[PDB]
Amino acid sequence: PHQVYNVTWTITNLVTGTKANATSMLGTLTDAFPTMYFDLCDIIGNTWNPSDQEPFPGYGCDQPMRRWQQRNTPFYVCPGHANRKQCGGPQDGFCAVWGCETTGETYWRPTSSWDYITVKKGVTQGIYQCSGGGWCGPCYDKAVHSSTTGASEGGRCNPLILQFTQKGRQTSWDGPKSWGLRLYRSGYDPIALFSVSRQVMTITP
Ligand SMILES: *[C@@H]1O[C@H](CO)[C@@H](O[C@@H]2O[C@H](CO)[C@@H](O)[C@H](O)[C@H]2NC(C)=O)[C@H](O)[C@H]1NC(C)=O
Ligand SMILES: *[C@@H]1O[C@H](CO)[C@@H](O[C@@H]2O[C@H](CO)[C@@H](O)[C@H](O)[C@H]2NC(C)=O)[C@H](O)[C@H]1NC(C)=O
């Protein structure tokens, strides 16, 4: 009865244009606001991964330990849909100055009363010593070294969870909205850009 349409929400890698993930559900524009799930490594761009000449940088999506150390690093998120000059643009992840963040996971627990979403780390076993002392866990790509237990495809172990806020559930979604995500480190804070958009189509069969 309330299932008038098939609403699909998509999280997009801003730079590459690829789909980090998607979720569909039946309902209306006012009640279809599902919880989204995606991995950080599916939204990074060409300039995120540290160079190969760079010794144990502490983050990155191209190597298991890089992915693991990245997982244990805090991060903050800034909206790029509000046109706040002081926060800068995509090249700053919309976080040019402190106070631009509206969510994420850091010691000061950023939240917001005006932004449309919240983003927190999901659950993962990441990496752990198992049985024979070797390293086991999802951070390892099962398609790069099978046998290594826990190994997931892609080596995904940076799950993020996105939820819509009350303000988010009440704002208009005509056109995509973008956000920037930054790792909070003692040194450069790498930038990852993503977008959220909605499609509304008829049900089938
Ligand atoms: C509309 O909703 C339906 C489910 O109610 C979606 O249909 C499934 O979509 C997945 C991929 O997203 C396919 O792998 C399944 O085979 C589809 N099931 C069938 C046969 O309906 C559909 O994707 C949604 N609209 C779209 C195409 O975005
Ligand atoms: C892509 O999105 C789907 C949801 O459409 C994710 O699947 C959900 O994952 C959570 C967390 O593990 C579970 O609690 C749900 O039960 C899952 N839902 C369904 C329908 O499977 C999926 O994990 C996401 N993929 C990635 C790598 O983020």
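In this note's numbering, the protein residues as written are 1397 to 1601.
Where is the CB? At the ideal position from N, CA and C, for every residue including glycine.
Asked, Found
"Same chain only: Cβ atoms within 7 Å of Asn1554, ignoring 5 sequence neighbours per side", "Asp1435, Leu1436, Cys1437, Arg1463, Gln1466 and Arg1467"
"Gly1484, DSSP secondary structure in three states", "coil"
"Cβ-Cβ distance between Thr1520 and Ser1508 below 8 Å", "no"
"Proximity test, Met1432 beta-carbon vs ligand 1 heavy atom, cut-off 7 Å", "no"
"CA-to-CA distance, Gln1595 to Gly1551, given in whole angstroms", "29 Å"
"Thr1408 vs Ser1568 beta-carbon contact at 8 Å", "no"
"Separation of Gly1441 from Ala1588, as counted between CA atoms", "6 Å"
"Proximal residues to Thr1426 (C-beta, below 8 Å), its chain only, five neighbours per side dropped", "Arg1565"
"Best match in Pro1430, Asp1448 and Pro1470 for proximity to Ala1418 [C-alpha to C-alpha]", "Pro1430"
"Segment limits, alpha helix (DSSP H) that includes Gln1562", "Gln1562 to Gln1566"
"Continuous alpha helix (DSSP H) stretch holding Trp1464: start and end", "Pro1460 to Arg1467"
"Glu1450 (DSSP reduced to helix, strand or coil)", "coil"
"Member of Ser1574, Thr1404, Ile1557 and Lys1516 whose CA lies at the smallest distance from the CA of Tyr1433", "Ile1557"
"C-beta atoms of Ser1574 and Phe1590 nearer than 8 Å", "yes"
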